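S.K.: Got a sequence here, can you build the structure:
(2 chains)
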Amino acid sequence: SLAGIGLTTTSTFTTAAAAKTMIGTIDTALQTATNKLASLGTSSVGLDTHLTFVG
Amino acid sequence: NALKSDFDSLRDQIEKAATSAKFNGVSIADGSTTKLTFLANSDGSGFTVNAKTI
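M.R.: Numbering: from 1, shown residues only, chains lettered A, B, ... in the order given. Next comes the structure:
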């Protein structure tokens, strides 16, 4: 969610200098979101493998 | 007097030409601002163009 990736809902830029830092903030948000989704993918693969073994 | 009137006419022409060189409301020839910075890199870096008042 927005709070999970550090975006802090109701977060905008009011000047042309705040967007300069919003660029880096969104870069960090995208990086951490991709890391979390990679972890979720690993967990899903593990679930599938264990289901096959149990059968 | 005729030469003086010609001089005055040309000077007014210069002012008219200089004050109308605006694109999108901003200009680098009127003297309204000191410089214009455009985007140069995906990280926010700028390309600086100094204002040349004419």
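S.K.: would you list every one of the helices in the chain?
M.R.: No chain in the question, so chain A it is. For chain A, the helices defined by DSSP state H cover A:18-54.
S.K.: try chain B instead
M.R.: B:2-19.
S.K.: Run a quick neighbour tally on residue A:6.
M.R.: 13 (other CB atoms under 10 Å in any protein chain shown). No exception for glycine: its C-beta is placed from N, CA and C like everyone else's.
S.K.: what sits against it?
M.R.: Residues near residue A:6 by CB atoms under 8 Å, 6 or more residues apart in numbering or on different chains: A:25, A:28-29, A:32.
S.K.: what's the spacing between it and residue A:12?
M.R.: Computed as CB to CB, to the nearest Å, the residue A:6 to residue A:12 distance reads 15 Å.
S.K.: before we move on, back to that, want to try JSON lines for the contacts of residue A:6, with neighbour count and distance to residue B:39 as columns?
M.R.: Formatted as JSON lines, these follow (neighbours: other CB atoms under 10 Å in any protein chain shown; distance: CB to CB, whole Å):
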{"residue": "A:25", "neighbour count": "17", "distance to residue B:39": "18"}
{"residue": "A:28", "neighbour count": "13", "distance to residue B:39": "20"}
{"residue": "A:29", "neighbour count": "16", "distance to residue B:39": "21"}
{"residue": "A:32", "neighbour count": "13", "distance to residue B:39": "25"}
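S.K.: Let me have the residues you listed in CSV, adding distance to residue A:38 as columns.
M.R.: Formatted as CSV, these follow (distance: CB to CB, whole Å):
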residue, distance to residue A:38
A:25, 21
A:28, 16
A:29, 15
A:32, 11
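S.K.: Which two among these are spaced furthest apart?
M.R.: Farthest-apart pair in those is A:25 and A:32; separation 11.0 Å (CB to CB).
S.K.: Tell me which residue lies nearest the centroid of chain A.
M.R.: Centroid-nearest residue in chain A: residue A:33, 1.4 Å away (criterion: CA atoms, centre = their mean).
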